[PDB]
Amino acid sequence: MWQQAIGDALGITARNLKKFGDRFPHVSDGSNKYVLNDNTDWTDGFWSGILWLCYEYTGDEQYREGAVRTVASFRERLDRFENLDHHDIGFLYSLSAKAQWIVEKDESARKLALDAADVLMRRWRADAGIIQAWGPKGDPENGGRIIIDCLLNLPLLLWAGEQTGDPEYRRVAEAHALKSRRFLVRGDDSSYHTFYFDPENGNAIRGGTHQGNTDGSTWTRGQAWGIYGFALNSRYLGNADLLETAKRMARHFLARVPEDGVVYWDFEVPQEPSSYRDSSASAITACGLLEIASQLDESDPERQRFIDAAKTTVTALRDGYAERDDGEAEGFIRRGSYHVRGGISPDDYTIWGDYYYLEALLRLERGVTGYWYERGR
């Protein structure tokens, strides 16, 4: 049921590793080819994650060697602080360095992830009680702004806290998660993409976005980050309120899934075929649904409901969006969208969409849960 889907991903990945060399895929732009970078964006970790997932599934050394090389690249990136003055250190290092520690207990990789967690900790703004998402400290524009995507960067901090025994990691992560719940999540279970606070006292100013259709709309990837994000923090914090929020956001998302089973880029624009989609949002949600289900009691009927919804989503992605390994295609799923309003790769491969699609497949087929937290823990 999932073997063929994984098989195509494995083949595409093997081909890509040989073609990309030491460079990293980010997104495609009008073709079946990825545009690469030299480990300078916020998405490089997803490539590492894909490599580790392929290794876990196959045991094929080619994937491990590729992943190990990306980890070496990440050490170099951290030690020269190249484009890391933002909150995405989690996406970057949880899926690469922490991932290697989770996969084979490599002490060097563990150290690198810990070093990265320290740099992320400096994104915390005590006066505002939030982790600053973008820009330098005190930035007039984004100095007191949080983004819902940040929930996925907290796992690195939480993991580090459990590794070191330093209570500050969890304190900072928990505060940010709770602040995100109160101000990013809406009363109808939808969500804002970003939220602004007064840098001086942390008081709420307003919610808004630059990637969703409007400040009051529902950017689907943003909603997806909430679903998986609140569920991941729920696990680490044993916080029932965050799990409840994950469930609420998931139900909201599920009720707005179109006919073919894959969402449009925003829930509040006409849900019409000529409109852009965001396969990555559906991929992220599939993982979030499975994560939520894993935290529910086996006697809870909604548990199997979410599991089945995740399966339906992955099948929808496979059937209508997945690329077959035709020796040319470089992405797993089509029609992801980076920045629709900005006209940036609105109908393309997204390395994060590819990563979550594969993580969902690995979860369903092997019970492999990715690299957000330790296994059997």
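The numbering used is simple: start at 1 and walk along the sequence shown.
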Regarding 20 to 28 and 351 to 359, which shows the higher C-alpha temperature factor on average in the entry? 20 to 28
Look over 69 to 77 and 206 to 214 in the entry and identify the one with the greater average Cα temperature factor. 206 to 214
Highest Cα B-factor in the PDB entry belongs to which of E56, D308, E330, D44? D308
Given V185, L157, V119, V262, identify the residue with the highest C-alpha B factor in the PDB entry. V119
Divide the modelled residues of the chain into thirds by Cα B-factor and specify which third, lowest, middle or highest, holds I50. lowest
Sorting the chain's CA B-factors, does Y169 end up in the lowest, middle or highest third? middle
Where does the C-alpha B-factor of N239 rank in its chain, lowest, middle or highest third? middle
How does the C-alpha B factor of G90 compare with the rest of the chain: lowest, middle or highest third? middle
When the deposited Cα B-factors of this chain's modelled residues are ordered and cut into thirds, is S180 in the lowest, the middle or the highest one? lowest
